[PDB]
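A.B. asks: Sending over a structure as structure tokens; questions will come in a sec.
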Amino acid sequence: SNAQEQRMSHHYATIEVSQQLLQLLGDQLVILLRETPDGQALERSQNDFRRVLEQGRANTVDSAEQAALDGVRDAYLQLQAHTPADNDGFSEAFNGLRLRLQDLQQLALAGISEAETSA
Amino acid sequence: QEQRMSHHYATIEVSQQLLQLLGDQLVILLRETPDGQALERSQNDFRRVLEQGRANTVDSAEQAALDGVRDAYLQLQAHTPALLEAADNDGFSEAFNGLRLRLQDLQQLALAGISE
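Pasting the structure below:
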């Protein structure tokens, strides 16, 4: 059933966009938690977030998914409106932890795909 | 089949709960006056969820990954006082909170979909 595979790939696409956006948000928090925030790097990351979000919005079919991504867009706009306390050691430790958590989630998810291969 | 996938889902749920608690800690730390008692509660909740997760995770690769999470979390904790000892928009903290919850909820809506 390549149909089933088609369905799975959809949810995995939404999961993938959300994962990318959360990774970029983390990147931005990491930058902001450093004692001398790299302004150009922040700008690049914000650009990347908007690109990934818009490409995600273009790649959905359910207008409720589009609705949720529009909500993400509005929320990201608010985050920007408020975008201006810090510590390099914390920033690094946070980065390590959040990467490990993200990676663990993606390892388990891959784990499920291979168990939807043996269906 | 049904066992394997069930185990991997449990791990995704543990990772989601930990990421949520980590966000909660950041939300607290990003406020102008971080609430130390609230922070400690959240730290304790992370340790509890993590230890339960390590205790009950079946997949060997995921078990090892959680041991890495534990080490990394000890490091975050060790560096938290330094952060606290160092202006921090309540507005930024609130915006961050709303954005991250939306992203996490969408992710989990899609995770559930895969499951159901």
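Taken in sequence, the protein lines are chains V and C. Counting along the first sequence from 1, when you hit position 106 you're at 125 in the working numbering, and nothing is skipped either side. Counting along the second sequence from 1, when you hit position 85 you're at 94 in the working numbering, and nothing is skipped either side. Each residue gets a CB set at the ideal place from its N, CA and C atoms; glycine is no exception.
1. Fully enclosed by the stretch 39-78 of chain C, which alpha helix (DSSP H) runs are 4 residues long or longer?
2. Please check the pair residue 98 of chain C and residue 36 of chain C, which I expect to be a contact at CB under 8 Å, by giving their CB distance rounded to whole angstroms.
3. With a threshold of 7 Å on Cβ separation, who are the neighbours of residue 33 of chain C within its own chain once the five nearest residues in sequence on each side are excluded?
4. Run down chain C in chain order and give the residues with a C-beta less than 8 Å from the C-beta of residue 38 of chain V.
5. Could you compute how far the alpha carbon of residue 54 of chain C sits from the alpha carbon of residue 102 of chain C?
6. Specify, as a first and last residue, the run of the alpha helix (DSSP H) that residue 125 of chain C falls within.
7. In chain C, what lies closer than 8 Å to residue 117 of chain V by C-beta?
8. Going by DSSP in three states, residue 89 of chain C sits in which element: helix, strand or coil?
9. Between the stretch 66-89 of chain C and chain D, which residues of the former have CB atoms less than 8 Å from a CB of the latter, in chain order?
10. By how many angstroms is the C-alpha of residue 30 of chain V removed from the C-alpha of residue 39 of chain C?
11. I'd like to know if residue 61 of chain V contacts chain C, where contact means its C-beta is closer than 9 Å to some C-beta of that chain.
12. Helix, strand or coil for residue 137 of chain V? Go by DSSP, reduced to three states.
13. Taking the C-alpha atoms as reference points, what is the distance between residue 104 of chain C and residue 100 of chain V?
14. Who are the neighbours of residue 77 of chain V on chain C, taking C-beta pairs under 8 Å?
15. Count Cβ pairs between the stretch 76-88 of chain V and the stretch 56-75 of chain C that sit closer than 8 Å; are there 3 or more?
16. List, in order along the chain, the chain V residues whose C-beta lies closer than 9 Å to that of residue 13 of chain C?
17. Since residue 106 of chain V meets chain C, which of its residues come closer than 8 Å, beta carbon to beta carbon?
18. Using a C-beta to C-beta distance shorter than 9 Å, which residues of chain C count as neighbours of residue 33 of chain V?
19. Just checking: is the beta-carbon of residue 103 of chain C within a distance shorter than 9 Å of some beta-carbon in chain V?
C.D. replies: Quick look at the numbers:
1. 45-65
2. The Cβ separation is near 12 Å, so there is no contact.
3. 51
4. 116
5. 20 Å
6. Note, residue 125 of chain C: premise wrong, no alpha helix (DSSP H); not H, not E.
7. 28, 31
8. helix
9. This model lacks chain D altogether; the protein chains it does include are V and C.
10. 32 Å
11. no
12. coil
13. 9 Å
14. Neighbours of residue 77 of chain V on chain C: none; closest Cβ ~16 Å, over 8 Å.
15. no
16. 130, 131, 133, 134, 137
17. 88, 91, 92, 95
18. 115, 116, 118, 119, 122
19. yes
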